[PDB]
Every structure is written in C-alpha cells, then in structure tokens.
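J.: Take this structure first; my questions come after.
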Amino acid sequence: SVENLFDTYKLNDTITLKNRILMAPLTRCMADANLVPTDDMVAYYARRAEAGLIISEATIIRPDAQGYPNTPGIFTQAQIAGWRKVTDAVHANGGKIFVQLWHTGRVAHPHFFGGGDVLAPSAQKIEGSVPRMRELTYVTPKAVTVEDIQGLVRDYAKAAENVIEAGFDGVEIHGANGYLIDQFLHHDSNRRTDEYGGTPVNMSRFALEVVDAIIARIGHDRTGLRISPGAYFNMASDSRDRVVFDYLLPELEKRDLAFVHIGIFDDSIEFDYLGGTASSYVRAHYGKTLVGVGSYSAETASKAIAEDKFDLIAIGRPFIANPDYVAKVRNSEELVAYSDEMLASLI
Ligand SMILES: Cc1cc2nc3c(=O)[nH]c(=O)nc-3n(C[C@H](O)[C@H](O)[C@H](O)COP(=O)(O)O)c2cc1C
Ligand SMILES: CCCCCCCCCCCCCCCCCC
Ligand SMILES: O=Cc1ccc(O)cc1
Ligand SMILES: O=Cc1ccc(O)cc1
Ligand SMILES: O=Cc1ccc(O)cc1
Ligand SMILES: O=Cc1ccc(O)cc1
Ligand SMILES: O=Cc1ccc(O)cc1
C-alpha cells in the first residue's frame with residue numbers, strides 16, 4: 001500500500017499540495033525557435049496536473065544559459081506569455097506548478113547564443129560535446145568576474161519576478177546536476193581564489209545570493225532549491241565538497257524554503273564522501289521539507305517517506321512513460337517502463 005503518497009502535504013502557509021507526488025523537472029527540448037513554450041507543451045503539462053506539484057523542465061534565465069536545443073526561457077515577454085498558457089492550463093486542471101530556473105554555466109554552448117562567452121566559476125572545460133547534436137564541442141569557460149556574478153544574481157531575480165506574470169506557483173532554483181550554481185559548490189569546477197572560492201562559506205556564497213535575491217522577489221514559501229551534494233553529472237568528485245554542503249545546508253534552513261530537492265538519477269547509489277546516499281546525507285544535515293528522487297517506484301518511495309527518509313517524492317522517467325502516473329498508482333494499475341526512445345514524443 002502506498003496510501004501515504006496521497007496525503008495532503010502543507011508546504012507552508014502559502015501552498016498545500018494535494019498529494020506527495022511531484023513531477024520531476026524533465027528537459028524535453030520542445031520549445032519553439034524563440035524558446036517560447038508551445039501549445040503542445042501546454043497540453044503535456046496540463047495532463048499531469050494530478051501531481052501534487054509539477055516542477056517544470058529547466059528553464060533558462062537569459063541567452064548565455066542555453067546548452068541544449070529548444071529549451072524554454074523565461075526572460076522575454078513572449079516566453080512569459082507562453083508559460084502563462086501552461087500555468088493557466090495546469091491550474092484549470094486543479095494542479096500546481098513551479099518553474100525550474102536554469103543557468104548551465106560551463107555546460108552552455110555558444111552555438112545557441114551567437115558565439116558569446118560561456119561563463120563559469122573557473123576556466124575548467126568539461127569533456128566532450130552537446131548530446132544529441134552534431135559536433136558542438138564544449139569550450140573553455142570564462143571565469144566570471146564579480147561584476148558578471150552581480151549580473152547573474154540580478155538575472156535570476158528578474159527571471160523570478162517574471163514567474164509572477166507567467167502565473168507559476170513558485171520557483172525551483174536549479175542548484176543541481178553540475179549546472180551553474182552547482183559549479184560554485186564543487187571543487188572540480190570552482191578553483192577560485194576570491195570571495196567566491198576556497199572555503200565552504202565562499203563557495204556557498206553564490207547559491208545563497210541567488211536564493212536570497214529570489215526570496216526578495218517572490219517569497220520563501222514560493223522558493224525551492226535543487227542540490228547535488230554528490231558529484232555525478234558533468235562534475236568530477238572531490239573529497240572536500242562534503243564540507244561545503246555541511247555549511248550550506250544549515251544556512252539554507254535559515255531561509256525556510258518551500259523545499260530542498262535532491263538532484264540524482266538513482267538515489268540507491270552510495271557516495272563515500274557523503275557517508276551514504278545523497279538523500280540520507282541531506283536528511284542528516286537539514287531538517288525541513290525534503291524531496292527525494294531517483295529510481296524510486298511508488299512502493300519504495302512510499303516506504304522511504306514512511307521511514308522519515310524524505311517528505312515528498314519526485315518522479316521523472318515514469319511520468320514520461322505514463323502521463324496518467326498518479327491515477328495508475330492510485331488504482332494499482334500496470335505502469336509502462338520508460339525507455340529513452342520515448343523522448344522523441346511529447347505526450
Ligand atoms: C530526459 C530527462 C531530462 C531531465 N531534465 C532535468 C531537468 O530539466 N532538470 C533537472 O534538475 N533534472 C532533470 N532530469 C533529472 C530528473 O529530474 C530526475 O532527477 C531523474 O530522472 C531521476 O528520477 P527518475 O528515476 O524518477 O526518472 C532529467 C532526467 C531525464 C531522464
Ligand atoms: C536524457 C536521458 C538520459 C541522460 C543521461 C544520463 C545523465 C546522468 C548520468 C551521468 C553520469 C553518471 C555517472 C555517475 C558517477 C558517480 C556516481 C557515484
Ligand atoms: O541577457 C539577458 C537578457 C535578459 C532579458 C531579455 O529580454 C533579454 C536578454
Ligand atoms: O548524443 C546522443 C546521446 C544519447 C543518449 C545518451 O545517453 C548520450 C548521448
Ligand atoms: O512565485 C510566483 C508567485 C505567483 C503569484 C504571486 O501572487 C506571487 C508569487
Ligand atoms: O537531459 C537533460 C537534463 C537537463 C537538466 C538536468 O538537470 C538534467 C538533465
Ligand atoms: O514516443 C515514442 C515511443 C517510443 C518507444 C516506446 O516504446 C514508446 C513511445
């Protein structure tokens with residue numbers, strides 16, 4: 001029995017979720033050439049409105065954030081209007097939805113933004129080329145200046161302002177999976193020697209400035225944050241990263257966020273540096289609402305939540321394979337297994 005997945009969950013005084021099931025953020029690369037959400041995307045999200053909360057696909061805050069084709073933005077008026085169609089449709093279906101605010105940092109590619117500079121904490125290139133594209137090899141980033149950083153914080157904040165007009169219920173800040181914010185939090189990517197590098201406090205500074213700037217626009221009850229304390233996605237490991245997160249997590253708790261959400265693909269994986277799984281590490285260092293994710297079945301998620309491992313379950317791939325995931329779980333019906341080939345279709 002997975003009855004607990006259907007518990008009401010009060011995130012805070014502003015938002016109550018009708019169940020504990022989140023749609024995980026899932027990049028689909030289906031926005032139009034102006035990175036405006038399409039009417040097909042409207043229908044796609046609308047049919048998943050039985051989720052307690054949808055986290056949108058990663059949505060770029062400005063042009064030099066783009067690293068994959070046709071990933072939507074939230075920085076132009078047309079993009080805002082396109083997202084308003086999405087959020088209106090989700091709300092009309094009785095759902096709720098947060099936008100996931102993205103900057104890819106060193107994982108951006110200048111093909112998408114007129115040959116401009118890729119930005120990151122340090123001039124540390126990742127290996128390889130953009131997946132599913134022809135020959136877009138990653139480039140050495142420019143190490144951001146403090147002025148670049150001020151502009152990036154400003155643009156995260158402006159993107160958050162824009163979510164009001166776009167009609168989202170809130171923002172998940174994408175601080176995970178090797179992207180810009182996570183790049184400041186890990187030694188592989190952050191080799192800085194200024195006030196944004198070196199020590200846990202300094203390496204956490206960018207993340208906290210972005211969190212605080214966004215709270216100043218939309219409020220703590222509408223702000224969540226995804227983190228990846230375990231390096232796995234465009235990030236080499238470093239044994240010193242754990243103490244960065246040991247500092248960051250209690251600082252985050254002071255902000256009384258809507259949630260922290262783990263970014264991982266299989267949370268059954270143990271990280272030596274974290275003393276175990278990513279979720280168990282965070283749960284041991286953070287005492288507010290936690291969203292688990294990564295290769296959970298409804299059954300294993302339900303058990304984890306019953307065992308106080310985390311509070312809410314995000315479901316990714318099964319929500320692609322099963323638009324009616326929530327109803328099928330509710331009714332104990334067969335679920336289709338995900339395959340990567342399903343990404344070809346937006347259903
Ligand atoms: C096709 C695909 C795209 C994804 N896009 C994002 C993304 O936009 N933002 C993000 O934070 N995670 C992204 N993820 C990771 C998922 O949110 C999730 O953490 C992962 O799929 C594990 O959960 P699952 O086992 O339920 O699928 C993506 C995963 C997949 C498979
Ligand atoms: C878009 C569909 C599939 C996406 C590709 C996979 C992305 C996640 C895996 C990346 C690297 C994982 C290897 C983990 C190393 C460290 C584990 C302790
Ligand atoms: O470069 C950032 C940017 C922000 C808002 C826009 O409308 C266009 C670009
Ligand atoms: O470049 C195509 C590609 C597809 C799936 C992957 O997992 C990796 C790369
Ligand atoms: O963060 C989104 C938001 C939406 C409606 C509001 O009234 C305030 C904030
Ligand atoms: O596959 C695309 C992808 C984008 C953002 C993520 O965080 C993870 C995966
Ligand atoms: O939408 C494409 C698709 C591909 C393979 C499947 O098994 C199901 C759907």
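FYI the Cβ positions are ideal-geometry reconstructions off the backbone, even for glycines, and counts take in every protein chain you see. Bear in mind that the values in this text are calculations on the coordinates, not laboratory data.
J.: Please find, within region 304-320, the residue that is nearest to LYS96 (Cα to Cα) out of those that are loosely packed, with under 15 Cβ neighbours inside 10 Å and free of Cβ contacts under 8 Å to residues at least 60 places away in the same chain. First the steps, then the outcome.
T.: Filtering region 304-320 for residues loosely packed, with under 15 Cβ neighbours inside 10 Å gives 306-308.
Among the residues that remain, those that are also free of Cβ contacts under 8 Å to residues at least 60 places away in the same chain are: 307-308.
Values: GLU307: 26, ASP308: 24 Å.
Here the answer is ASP308.
J.: Considering only region 256-293, state which residues are more than 16 Å from ligand 1 (Cβ to nearest atom) and small (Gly, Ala, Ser).
T.: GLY275, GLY276, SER280, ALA284, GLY287
J.: Now a separate question. For region 257-347, give me every one of the helices (runs of 4 or more DSSP H) that falls completely inside it and has 2 or more residues that are more than 16 Å from ligand 6 (Cβ to nearest atom).
T.: Details: elements: 278-285, 298-306, 317-321, 325-330.
Filter on region 257-347 gives 278-285, 298-306, 325-330.
J.: Which one of these is within 16 Å of ligand 4 (Cβ to nearest atom) and surrounded by 15 or more Cβ atoms within 10 Å (Cβ to Cβ): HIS111, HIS174, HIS91, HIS103?
T.: On the way: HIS174 fails: within 16 Å of ligand 4 (Cβ to nearest atom); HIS91 fails: within 16 Å of ligand 4 (Cβ to nearest atom); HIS103 fails: within 16 Å of ligand 4 (Cβ to nearest atom).
Matching residue, one of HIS111, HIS174, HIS91, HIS103: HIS111.
J.: So, one more: What tally of residues in region 91-106 results from selecting those that are out of contact with any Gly (no Cβ under 9 Å at 6 or more places or on another chain) and aliphatic (A, V, I, L, M)?
T.: Number satisfying all stated conditions: 2.
J.: Given region 135-243, what helices (runs of 4 or more DSSP H) lie entirely inside it while holding 3 or more residues that are within 16 Å of ligand 6 (Cβ to nearest atom) and within 19 Å of the chain's Cα centre (by Cα)? Quick ask: steps written out before the conclusion?
T.: Details: elements: 146-166, 180-185, 200-218.
Where helices (runs of 4 or more DSSP H) fall fully within region 135-243 and carry at least 3 residues being within 16 Å of ligand 6 (Cβ to nearest atom) and within 19 Å of the chain's Cα centre (by Cα), they are 180-185.
J.: Which of the residues that make up region 321-347 are without any contact (Cβ under 8 Å) to a residue 40 or more places away in the chain, away from ligand 2 (no atom under 16 Å from the Cβ) and among the small types (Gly, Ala, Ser)?
T.: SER332
J.: Evaluate region 25-34: report whether one residue or more is part of a helix (DSSP H, G or I) and surrounded by fewer than 20 Cβ atoms within 10 Å (Cβ to Cβ).
T.: The answer is no, given that none of the residues of region 25-34 is part of a helix (DSSP H, G or I) and surrounded by fewer than 20 Cβ atoms within 10 Å (Cβ to Cβ).
J.: Here is a further query. Is it true that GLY224 is surrounded by fewer than 24 Cβ atoms within 10 Å (Cβ to Cβ) and either under 23 Å from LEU53 (Cβ atoms) or not aromatic (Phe, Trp, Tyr) (or both)?
T.: Numbers: surrounded by fewer than 24 Cβ atoms within 10 Å (Cβ to Cβ): no; either under 23 Å from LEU53 (Cβ atoms) or not aromatic (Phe, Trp, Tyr) (or both): yes.
The answer is no for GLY224.
J.: Within region 318-343, which residues are within 12 Å of ligand 7 (Cβ to nearest atom) and under 25 Å from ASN93 (Cβ atoms)? Full working, then the answer.
T.: From region 318-343, those within 12 Å of ligand 7 (Cβ to nearest atom) are 320-323, 336-343; that's our starting set.
Scanning region 318-343 gives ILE320, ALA321, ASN322, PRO323, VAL336, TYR338, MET342, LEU343.
J.: Related question: Take region 133-164 and flag every residue that is farther than 26 Å from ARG205 by Cβ and either out of contact with any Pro (no Cβ under 8 Å at 6 or more places or on another chain) or surrounded by 19 or more Cβ atoms within 10 Å (Cβ to Cβ) (or both).
T.: Scanning region 133-164 gives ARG134, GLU135, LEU136, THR137, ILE164.
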